Amino acid sequence: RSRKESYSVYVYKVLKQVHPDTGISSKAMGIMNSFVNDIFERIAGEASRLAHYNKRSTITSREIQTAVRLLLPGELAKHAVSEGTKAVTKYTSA
Amino acid sequence: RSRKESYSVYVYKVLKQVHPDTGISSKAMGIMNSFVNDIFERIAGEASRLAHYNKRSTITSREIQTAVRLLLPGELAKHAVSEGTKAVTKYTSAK
Amino acid sequence: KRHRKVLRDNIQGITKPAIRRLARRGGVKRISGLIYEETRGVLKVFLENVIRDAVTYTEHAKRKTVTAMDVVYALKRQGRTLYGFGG
Amino acid sequence: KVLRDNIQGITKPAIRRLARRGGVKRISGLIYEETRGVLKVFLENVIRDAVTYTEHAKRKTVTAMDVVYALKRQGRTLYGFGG
Amino acid sequence: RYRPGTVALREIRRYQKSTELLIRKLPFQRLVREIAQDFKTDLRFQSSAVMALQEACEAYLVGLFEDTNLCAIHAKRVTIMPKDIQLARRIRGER
Amino acid sequence: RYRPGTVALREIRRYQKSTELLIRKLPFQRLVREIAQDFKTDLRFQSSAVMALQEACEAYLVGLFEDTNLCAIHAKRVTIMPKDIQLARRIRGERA
Amino acid sequence: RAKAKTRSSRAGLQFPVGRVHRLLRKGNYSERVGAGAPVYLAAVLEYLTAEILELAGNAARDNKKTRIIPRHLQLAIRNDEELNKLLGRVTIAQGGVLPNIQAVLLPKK
Amino acid sequence: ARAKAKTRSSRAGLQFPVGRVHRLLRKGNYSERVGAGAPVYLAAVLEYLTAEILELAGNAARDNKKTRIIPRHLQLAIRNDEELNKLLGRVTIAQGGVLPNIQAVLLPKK
Amino acid sequence: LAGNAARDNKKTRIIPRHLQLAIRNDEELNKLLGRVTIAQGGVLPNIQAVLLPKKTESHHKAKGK
DNA sequence: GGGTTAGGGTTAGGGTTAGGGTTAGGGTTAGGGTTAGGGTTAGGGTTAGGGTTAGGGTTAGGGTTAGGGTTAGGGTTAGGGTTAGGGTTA
DNA sequence: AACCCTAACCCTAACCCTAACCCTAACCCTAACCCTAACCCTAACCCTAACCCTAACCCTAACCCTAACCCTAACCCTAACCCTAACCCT
């Protein structure tokens, strides 16, 4: 195969981390799978246009950080930006 | 001085071919230039997704012909399809 | 031979126990005189300019069966994404 | 021009001829405030989008191209200015 | 007999607190098959496809009925009119 | 003075047969500058940018007024109400 | 490197088939594009370009302005049922739409 | 030759995958050059969004004495938050229904 | 204002409970009669939030015994 | 009429390794944004008119809320007599 | 897809209220005509502070790196919510 699957293990781990003794249902897994792939082509799709508008072709961390404030609203955008900055800091530290 | 791409000569030739003793204005040229670039990223953008949905990566004449019936309505879609078929036939007949 | 019912559902079935049941979910309380008739007509275009997209998609891949993977791409063009039955 | 001296930029007789272009004959009283509030909200949204765009480009000058791109992203492909 | 004004709200609450299908499956499948036959013959349908079609049609009908009721209740009228649907479609931009 | 029925239609036709700007430029520029200052200071504006902004605002206002008039004229009322604008915004999906 | 048979006119369209395809690759779409794709790109997209140009001058005849101006370009799209229903994400600057004061907007009728 | 080769939590501190995001973004014809520390941001954003959605779904499901997230609970939790309503406004979750909202004029008042 | 509240409980009589529920309902009527206490009236039926301290009810134990 | 004790029945929950794509740094080295002499574009003051915008008054001057024709849209009917669900294969 | 049963839920049809629609009565909300009196920018006239090119060198760009780990529904299975008897007020 060419690796075309589904987000199930990570979703279950996140659900168990945020809520113990919980789980996902039958159609809920497909709903979350279709929701992940929908925003995956929306955030990454705007970064390409934003890089092409400035005569560039490098989508780094700032290209994804700036795209958060465009798609996400207000408080969720700042929270996602803070989480991404903390993640990139923990990545660059070690 | 890096020049900017603009559709002016072809637009003027088309206007002179469909209407003699006519021309374009000042803002009309920029309006047509912004209109061409708008549909340029709409028709070509759908062909890439249509090719990716079928596990392919070849955008040929059929990928653009089928995208006409999706963006264009009814009579204009059939007219554009006929024009494209006649153009590709004249191209394949003589190079 | 063949059955004489070659009408293939002349846009019927969805009548009083269906239109009223669908309107009761939104918030409609009473129904006037007409109301219907055109209720079965406004749903005709919703299947005319959507199923044609699925047929045109299946015609590109040299197929003949409109699966669930092609019905979600047609609704995404109009602006009504559905999660669950598509995938 | 930084206090409430510019928010009340929409008058009352000037907005009468503005609505007459669409086909409005008679307006009301609270329209001068409701339309101003709606225009303020929409302008805040468009200005926020343009600021996010000019921050992506690391620029401090809101050009017409960024405004056109933001309007197209919102759902209004404006023609004329830009490209 | 029950005084008119309580059975309607009870039925509304009962149908809102439940997630059961209201339209049938075979008539809708025959309808979409007849519609598909108008464009190209020799066409089949699946189960998940017609299920998603029925779900989308139900959602669109619910939204249209809610918009019609919200437009009619603002004109001092508890009932809706056949012109209210066309009004809502013209405002939303459905044509 | 006297109430009419013909001067309104004449003004409507005159303003529809012309493509002249109705809102000023300097007040709109000061307004958008004050709005931009609320997010980040030290910001400038151009001419084509504020022109496109004024054109988009004029188109949006014309569309909103047309929708409000079409919603008000269908309820046996020649005038519009302040709630009709909120109704049109709720139907179009601008606020909720 | 022989004759001056440019790719811009190698097919048979007024739009440059050789240059409009130089921009076709400037969009990060799919890779291997067929020979008929640039021909189909400058034929069905130039149609919408040509249909709006020739109709704004016709709208200028009622305004006594002859030449296509930006104001007539928006009315050129709403001149037939094939061009108005065609474009959805198109809003020309000036315009001045047709005053649709029908018989209904007129006294009764 | 090498050493302990210790890691953080997984590879950056997130449970969401990182090797598939960079693969789907590079092979997705999005850009000819993809950054190294770029998919981590999108992975963290998606993880935070999924965690918030799952927490809202669990909070909505716990009210009905059911510790299992069903699509109805997801539809009730999505159509309740103000920040999540503006993002998924055009999303119609199948088998979710609507919200119990009845107009005050329809109720038998005075 | 009291008769409409009395008709809600299927009672065509004006009992002191109806008057107490009607006075404590309107804003102006409550602002005018804020210190007046009606005999045999009662408190308006209203609960209070922030009462459960476990809310989330997480799994402090384990799935495997 | 809906929550609940008994009871399975699909349907959730935890490794088990099986191992195979997938991301990661110095050996390079790179050409774009700064940082660099000319050349540009927005912002702060200056001046005088003339067309645009605040304000009463007025007009008896034109859209607009309580009674009361009907006709038109609900709840039961209660059988019953046509259709819609679910298990069979080939 | 079109191929005999199923067999009990599901879809027409009737009398009596609420509700939709028209006619007045009279207050009260709403457009311009020549008086109102300072008044109002935008059209002309300057005079301001680092942003655009500018690009020669400088210190990072993911590229193939090829050894770890993760890993996923089935595993043959078990973890929640079941569905008929039993059952809280209507």
# chains A, B, ... in the order shown; residues from 1 in each chain; ligands from 1
$ interface_residues --of "chain J" --to "chain D" --cutoff "12 Å" --atoms "only C-alpha atoms (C1' of nucleotides)" --output "NGL selection string"
:J and (33 or 41-42 or 52-54 or 63)
$ interface_residues --of "chain A" --to "chain K" --cutoff "10 Å" --atoms "only C-alpha atoms (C1' of nucleotides)" --output "PyMOL selection string"
chain A and resi 8-9+21-23
$ write_last_selection --atoms "C-alpha atoms" --output "CSV table (one decimal), in the first residue's frame"
chain,number,residue,atom,x,y,z
A,8,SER,CA,-8.0,6.5,15.4
A,9,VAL,CA,-5.1,5.7,17.7
A,21,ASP,CA,-13.0,5.8,31.1
A,22,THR,CA,-14.3,7.3,27.8
A,23,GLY,CA,-14.2,6.3,24.2
$ residues_around --residues "stretch 57-67 of chain D" --least-positions-apart "2" --cutoff "10 Å" --atoms "only C-alpha atoms (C1' of nucleotides)" --output "VMD selection string"
(chain A and resid 50 to 51 53 to 54 63 66) or (chain D and resid 46 to 47 49 to 55 69 to 73 78 81 to 83) or (chain F and resid 36 40 to 53 56) or (chain K and resid 51)
$ write_last_selection --atoms "N, CA and C atoms (P, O5', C5', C4', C3', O3' and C1' of nucleotides)" --output "short mmCIF file (atom, residue, chain, number, x, y, z; two decimals), in the first residue's frame"
data_model
loop_
_atom_site.label_atom_id
_atom_site.label_comp_id
_atom_site.auth_asym_id
_atom_site.auth_seq_id
_atom_site.Cartn_x
_atom_site.Cartn_y
_atom_site.Cartn_z
N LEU A 50 -0.35 32.21 0.71
CA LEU A 50 0.32 33.30 1.41
C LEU A 50 1.80 33.35 1.06
N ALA A 51 2.42 32.19 0.83
CA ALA A 51 3.82 32.17 0.42
C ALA A 51 3.98 32.57 -1.04
N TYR A 53 2.02 34.71 -2.64
CA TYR A 53 1.72 36.13 -2.78
C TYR A 53 2.92 37.01 -2.49
N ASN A 54 3.90 36.51 -1.73
CA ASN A 54 5.10 37.26 -1.40
C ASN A 54 6.31 36.81 -2.20
N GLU A 63 4.54 30.61 8.84
CA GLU A 63 3.46 30.50 7.87
C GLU A 63 2.26 29.76 8.45
N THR A 66 0.78 32.20 11.51
CA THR A 66 -0.04 33.31 11.03
C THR A 66 -1.37 32.83 10.47
N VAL D 46 -12.70 43.21 8.49
CA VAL D 46 -11.86 43.36 7.31
C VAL D 46 -10.50 43.94 7.69
N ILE D 47 -10.48 44.88 8.64
CA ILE D 47 -9.22 45.47 9.07
C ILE D 47 -8.37 44.45 9.81
N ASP D 49 -8.42 41.20 9.24
CA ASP D 49 -7.90 40.31 8.21
C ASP D 49 -6.72 40.95 7.48
N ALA D 50 -6.84 42.24 7.13
CA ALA D 50 -5.76 42.92 6.44
C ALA D 50 -4.53 43.05 7.33
N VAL D 51 -4.73 43.25 8.63
CA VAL D 51 -3.61 43.35 9.56
C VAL D 51 -2.90 42.00 9.68
N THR D 52 -3.67 40.91 9.75
CA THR D 52 -3.06 39.59 9.78
C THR D 52 -2.29 39.30 8.50
N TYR D 53 -2.82 39.75 7.36
CA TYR D 53 -2.13 39.53 6.09
C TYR D 53 -0.83 40.32 6.02
N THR D 54 -0.89 41.61 6.37
CA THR D 54 0.31 42.44 6.34
C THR D 54 1.31 42.04 7.42
N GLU D 55 0.87 41.32 8.45
CA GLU D 55 1.80 40.77 9.43
C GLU D 55 2.44 39.49 8.92
N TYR D 69 -7.41 40.48 -1.50
CA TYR D 69 -7.25 39.08 -1.11
C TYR D 69 -8.09 38.75 0.12
N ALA D 70 -8.15 39.67 1.09
CA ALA D 70 -8.97 39.44 2.28
C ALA D 70 -10.45 39.41 1.93
N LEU D 71 -10.88 40.29 1.02
CA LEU D 71 -12.28 40.30 0.60
C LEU D 71 -12.63 39.03 -0.17
N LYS D 72 -11.69 38.52 -0.98
CA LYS D 72 -11.93 37.27 -1.68
C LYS D 72 -11.96 36.09 -0.72
N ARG D 73 -11.14 36.12 0.33
CA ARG D 73 -11.17 35.06 1.33
C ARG D 73 -12.48 35.08 2.11
N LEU D 78 -13.61 41.30 -5.24
CA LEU D 78 -13.71 42.66 -5.75
C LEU D 78 -12.77 42.86 -6.93
N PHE D 81 -9.36 47.46 -8.55
CA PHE D 81 -8.07 47.74 -7.94
C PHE D 81 -7.33 46.44 -7.64
N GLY D 82 -6.03 46.43 -7.91
CA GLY D 82 -5.21 45.26 -7.67
C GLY D 82 -5.13 44.36 -8.88
N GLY D 83 -4.82 43.09 -8.61
CA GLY D 83 -4.71 42.09 -9.66
C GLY D 83 -4.66 40.67 -9.14
N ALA F 36 -7.43 50.85 12.67
CA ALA F 36 -6.16 50.14 12.61
C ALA F 36 -5.28 50.42 13.82
N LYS F 40 -2.68 47.78 16.16
CA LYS F 40 -1.25 48.04 16.17
C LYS F 40 -1.00 49.47 15.74
N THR F 41 -0.15 50.17 16.49
CA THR F 41 0.17 51.56 16.19
C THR F 41 1.18 51.63 15.05
N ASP F 42 1.48 52.86 14.61
CA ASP F 42 2.42 53.13 13.53
C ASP F 42 2.00 52.40 12.25
N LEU F 43 0.87 52.83 11.71
CA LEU F 43 0.31 52.26 10.50
C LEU F 43 -0.10 53.37 9.56
N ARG F 44 0.08 53.13 8.26
CA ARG F 44 -0.22 54.08 7.21
C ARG F 44 -1.25 53.49 6.27
N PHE F 45 -1.74 54.32 5.35
CA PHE F 45 -2.70 53.89 4.35
C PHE F 45 -2.35 54.51 3.01
N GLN F 46 -2.84 53.88 1.95
CA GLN F 46 -2.61 54.33 0.59
C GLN F 46 -3.89 54.95 0.02
N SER F 47 -3.92 55.14 -1.29
CA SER F 47 -5.08 55.69 -1.98
C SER F 47 -5.93 54.61 -2.63
N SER F 48 -5.31 53.68 -3.37
CA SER F 48 -6.07 52.60 -3.98
C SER F 48 -6.67 51.67 -2.93
N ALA F 49 -5.97 51.48 -1.80
CA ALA F 49 -6.49 50.62 -0.75
C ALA F 49 -7.77 51.20 -0.14
N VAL F 50 -7.74 52.48 0.23
CA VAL F 50 -8.93 53.10 0.81
C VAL F 50 -10.02 53.26 -0.25
N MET F 51 -9.64 53.39 -1.52
CA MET F 51 -10.64 53.44 -2.58
C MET F 51 -11.37 52.10 -2.72
N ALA F 52 -10.62 51.00 -2.70
CA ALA F 52 -11.25 49.68 -2.75
C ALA F 52 -12.09 49.43 -1.50
N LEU F 53 -11.62 49.90 -0.34
CA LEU F 53 -12.40 49.76 0.88
C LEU F 53 -13.71 50.53 0.79
N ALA F 56 -16.06 48.63 -1.62
CA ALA F 56 -16.64 47.45 -1.00
C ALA F 56 -17.69 47.83 0.04
P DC K 51 11.87 51.13 8.07
"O5'" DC K 51 10.95 50.53 6.91
"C5'" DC K 51 9.91 51.32 6.35
"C4'" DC K 51 9.53 50.81 4.97
"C3'" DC K 51 10.62 50.01 4.27
"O3'" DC K 51 10.03 49.12 3.32
"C1'" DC K 51 10.27 52.00 3.09
#
$ interface_residues --of "chain A" --to "chain G" --cutoff "12 Å" --atoms "only C-alpha atoms" --output "list in words"
residues 45, 48, 49, 51, 52, 53, 55 and 57 of chain A
$ residues_around --residues "residue H:108" --least-positions-apart "4" --cutoff "9 Å" --atoms "only C-alpha atoms (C1' of nucleotides)" --output "JSON, numbers by chain"
{"E": [5, 6], "H": [104]}
